[PDB]
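Structure record follows, encoded as structure tokens.
Both ligands and their constituent atoms are indexed starting at 1 by order of listing. FYI, side chains are in, hydrogens and waters are out, and symmetry mates aren't considered; it's all heavy atoms of this structure. Below, chain A is the first sequence line, B the second, and so on; all start at residue 1.
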Amino acid sequence: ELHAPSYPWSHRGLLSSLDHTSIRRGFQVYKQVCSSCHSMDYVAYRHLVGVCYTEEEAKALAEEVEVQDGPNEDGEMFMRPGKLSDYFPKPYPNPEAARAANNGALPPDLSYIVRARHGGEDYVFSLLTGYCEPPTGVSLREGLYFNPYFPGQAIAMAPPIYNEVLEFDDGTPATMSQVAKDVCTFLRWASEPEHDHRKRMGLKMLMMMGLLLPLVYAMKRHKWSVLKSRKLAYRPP
Amino acid sequence: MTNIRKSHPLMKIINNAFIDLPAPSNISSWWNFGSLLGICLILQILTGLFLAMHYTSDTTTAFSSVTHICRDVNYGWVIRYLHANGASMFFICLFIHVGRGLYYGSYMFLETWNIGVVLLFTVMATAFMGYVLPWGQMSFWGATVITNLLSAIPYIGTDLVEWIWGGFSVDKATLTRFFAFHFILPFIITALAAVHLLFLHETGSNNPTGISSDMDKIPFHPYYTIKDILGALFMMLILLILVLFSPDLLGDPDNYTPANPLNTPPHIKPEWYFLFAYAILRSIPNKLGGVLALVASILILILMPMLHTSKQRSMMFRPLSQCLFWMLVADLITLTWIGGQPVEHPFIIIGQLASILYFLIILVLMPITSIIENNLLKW
Amino acid sequence: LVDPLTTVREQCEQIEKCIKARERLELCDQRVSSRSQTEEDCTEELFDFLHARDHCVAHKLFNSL
Amino acid sequence: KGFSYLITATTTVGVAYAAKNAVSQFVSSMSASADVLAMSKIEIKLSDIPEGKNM
Amino acid sequence: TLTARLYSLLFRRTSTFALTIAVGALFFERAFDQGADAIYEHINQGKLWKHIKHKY
Amino acid sequence: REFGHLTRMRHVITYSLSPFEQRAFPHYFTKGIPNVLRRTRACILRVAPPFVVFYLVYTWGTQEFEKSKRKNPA
Ligand code: HEM
Ligand code: HEM
């Protein structure tokens with residue numbers, strides 16, 4: 001069992017938010033590398049507005065895809081440009097076509113992949129960057145790839161990321177580790193899209209507790225001082 | 001003329017329960033966890049009802065309904081993880097509350113102690129059936145293991161498990177009826193808590209000395225309303241630290257995966273507040289003996305008044321029994337840790353020794369040690 | 001284009017935990033290849049080496065990314 | 001009496017703030033959720049519809 | 001003293017005590033949210049959408 | 001059970017102060033710290049040893065369990 005290391009993410013800190021430029025670059029990584037085999041059923045285009053894209057940019061990104069739309073007057077199903085309210089396209093009509101396309105393996109939905117793994121984005125980063133040669137004595141069937149971080153160390157996913165696998169709009173070199181960090185930030189947002197709000201609320205709650213708890217403690221002790229300074233005398237006959 | 005607080009029939013009940021109730025002047029912070037429990041209950045009813053405004057118990061939509069609650073419902077992630085970590089806080093407060101009852105001999109209040117045992121069972125059933133509702137991998141397979149445990153029952157085990165399922169396995173009917181029971185049960189818990197307080201107020205609270213405190217009673221309202229408010233604020237602090245800084249600390253990542261009856265998780269554990277029992281049942285090789293031990297580990301709370309062999313009520317003046325009490329708490333911690341672990345060497349022998357030790361403490365060591373303490377005090 | 005991860009991995013491989021684990025791994029590699037038919041496998045040795053290397057790399061990598 | 005009562009006033013003020021937030025959030029969860037605001041809200045478009053055309 | 005004046009003017013009567021609490025709750029919500037938000041956006045400066053939106 | 005009919009008590013005098021005449025945190029540190037230390041020495045050998053035993057048992061079980069997943073040359 002090779003457990004993932006702890007990487008110093010920008011969002012690891014207690015009040016530390018996600019870097020939203022990394023979320024944007026990570027959407028570009030998902031939408032250009034992962035999406036051909038992974039779905040994100042619970043993330044729609046509208047969700048990316050005010051997070052890593054403007055509404056106009058996200059409407060054009062939805063326009064880039066075609067989505068099936070419900071029955072016509074004649075009763076046929078048609079293809080229409082995507083919309084903000086549309087969820088991310090699914091690469092495969094059903095799980096069986098997904099398994100057929102990927103040598104029997106179903107590639108998981110990535111809406112909750114960070115939350116649904118022990119080790120989270122650390123695990124995903126180490127998995128994406130951790131493809132090595134199989135060690136002496138280890139042989140994998142064809143269509144399987146040695147990854148020391150995958151349970152069993154035999155994964156059906158070929159190494160997806162590499163240097164210059166995509167181009168980044170802000171011009172970053174797209175080194176493999178850069179691409180992995182960006183996509184892992186995006187996956188952390190896709191699992192927990194309340195992360196930044198949750199931590200801002202946590203900061204406010206810590207301030208409010210640091211005010212109220214001393215104050216309620218003073219209220220309790222003001223009322224109780226009557227009992228706590230009380231003196232008793234016994235004067236029997 | 002009258003004081004309507006004392007004369008009005010409803011306000012008279014309220015006045016006698018929380019305002020003019022004579023309370024011991026020395027009950028410690030450990031006596032706060034009653035008021036925390038009733039607060040947790042209210043919180044669970046409040047957030048759950050708001051979850052039930054969006055949740056749907058069909059297996060095709062339950063996991064999706066919860067994702068919708070946490071992603072699109074306004075502040076639905078707040079309500080959801082407040083509910084989950086409030087279940088965890090409920091059980092923390094329950095364990096501390098029962099530990100206080102054990103340590104101070106509060107079980108000598110027979111009726112309220114026995115109602116408390118009933119309450120413990122009902123809260124456990126509610127939490128168990130609620131955890132299935134998200135229909136994650138852990139939801140499904142924990143329901144599977146825990147319900148198929150009941151097949152160990154002689155002659156009617158399979159029939160009763162299938163009747164609880166409403167089918168050949170844990171499936172759609174089980175999820176919908178678990179939602180219905182999970183909705184209704186906390187209100188029965190509310191009624192039982194009211195009966196519980198009715199039985200408690202017959203004598204009033206016990207105190208840390210274990211000595212009757214009637215010569216030093218203070219009114220409940222100004223003192224313990226403010227003290228219980230401070231305790232509630234501290235509890236809220238811990239709960240909100242969980243909800244806002246580590247939402248997933250006490251949960252399991254595999255419940256963010258939708259239930260897969262074809263694939264089972266490598267580890268199928270209950271929630272943390274079941275692990276001590278899951279250890280005990282897993283310690284015994286026999287299916288039915290294991291289930292009987294997992295039930296006796298909570299039914300044995302009914303035996304404490306009959307096991308009391310000390311001349312004193314509480315543990316305040318009995319060092320040897322304090323030693324045994326803290327050994328009992330340590331054994332419960334090790335049972336929780338063992339239940340979170342695989343059934344393999346060395347956790348098996350450790351779980352066996354811990355499971356033996358729990359019963360050997362409650363049933364044997366604690367009585368004999370109280371008798372020894374009795375003689376050391378020459379009575 | 002060069003990746004930070006490559007140079008970070010080499011520098012962290014220069015770590016004595018890595019230096020010890022690497023030759024433990026190469027003694028496993030010398031056995032399992034000499035023995036014609038066995039059940040071992042050097043995955044445990046590689047796991048020790050990778051644990052050390054990746055702890056150091058997780059300390060130093062995000063500074064260049 | 002001022003100092004002591006000041007402590008109560010501030011405490012109430014803090015509690016008020018907290019109470020409001022909690023209630024507000026429970027009220028907004030019964031408000032139209034994000035997806036409802038997304039789909040049923042609007043269907044705007046440009047003059048793409050030609051003359052005499054009932055799209 | 002200042003606290004004697006505050007008590008005599010605003011705390012002695014419960015209605016005026018409550019009015020002071022209400023006005024203070026309004027102004028406290030405003031100022032506390034402003035300060036807490038500024039702290040959160042300073043800790044996370046440049047990382048948030050608001051800081052970077054003006055490029056898109 | 002109501003105030004006024006709880007027990008018989010005799011010859012006991014109590015003296016109390018108004019909360020507005022006294023402080024809510026008098027000698028909170030100069031007296032509170034020695035009291036916490038006294039209350040800690042009073043109970044520490046009754047509470048601590050079971051948790052030390054749990055720490056040792058947990059440490060041993062975890063390290064041993066992980067010592068079984070290691071390859072033994074054979
Ligand atoms: C639904 C959960 C429960 C609630 C809401 C609840 C509520 C309360 C409250 C408010 C008190 C008075 C305050 C106090 O002493 O703490 C109390 C006392 C008591 N409860 Fe509970 N309780 C619950 C569960 C239990 C359980 C599980 C037991 C144990 C089996 C139990 C046994 C007792 C006893 C013995 C007392 C009296 C303690 C004493 O005075 O020394 N209760 N309960
Ligand atoms: C005795 C009090 C209660 C306890 C201990 C309790 C416990 C739980 C737990 C542990 C869960 C699973 C949380 C998770 O997803 O991780 C849950 C889910 C749920 N509970 Fe409850 N519950 C209580 C009361 C209620 C009540 C009264 C309702 C309805 C009015 C309710 C409605 C729900 C709903 C709808 C869910 C599913 C949503 C979700 O998973 O978060 N609960 N409950």
Taking atom 13 (C) of ligand 2 as the reference point, the nearest protein heavy atom with its distance: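 The protein heavy atom lying closest is B:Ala84 CB, 3.9 Å.
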Nearest-contact summary for atom 40 (O) of ligand 2 - protein heavy atom, Å: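 Result for atom 40 (O) of ligand 2: B:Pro134 CD, 3.6 Å.
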Considering the heavy atoms of [X], write down every atom of ligand 2 situated less than 4.0 Å from one of them.
X	result
B:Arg80	15 (O), 41 (O)
B:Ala52	35 (C)
B:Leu49	29 (C), 30 (C)

Within-shell test, B:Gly251 vs ligand 2, heavy atom, strictly < 4.0 Å: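 No, B:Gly251 has no heavy atoms under 4.0 Å from ligand 2.
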Proximal candidate to atom 29 (C) of ligand 1 [heavy atom criterion; set B:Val98, B:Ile115, B:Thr112]: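 Shortest heavy-atom distance from atom 29 (C) of ligand 1: B:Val98.
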Test item, B:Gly38 contacting ligand 1 (heavy atom, 4.0 angstrom):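 B:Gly38 counts as a contact of ligand 1 under the 4.0 Å cut-off.
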Sub-4.0 Å heavy-atom contact, B:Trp113 with ligand 1: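 Judged by the 4.0 Å heavy-atom criterion, B:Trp113 does count as contacting ligand 1.
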List the residues meeting side chain to side chain contact (heavy atoms under 4.5 Å, CB included) with [X], not counting sequence neighbours, and say none if there are none.
X	answer
B:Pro208	B:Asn26, B:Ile27, B:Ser28, B:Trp31, B:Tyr104, B:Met316
B:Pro305	B:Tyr107, B:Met108, B:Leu110, B:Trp113
B:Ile280	B:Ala293, B:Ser297, B:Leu335, B:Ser355, B:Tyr358, B:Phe359

Short side-chain donor-acceptor distance under 3.5 Å, B:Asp72 and A:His47: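 A:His47 vs B:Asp72: donor-acceptor pair found between side chains.
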Would you check the N or O atoms of [X], main chain and side chain alike, for any that come under 3.5 Å of an N or O of ligand 1?
X	answer
B:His97	yes
B:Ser106	yes
B:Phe90	no

Closer than 2.8 Å to atom 21 (Fe) of ligand 2 - protein N, O or S atoms, ordered by chain and residue number: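 Counting only protein N, O or S atoms under 2.8 Å from atom 21 (Fe) of ligand 2, the list reads B:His83 NE2, B:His182 NE2.
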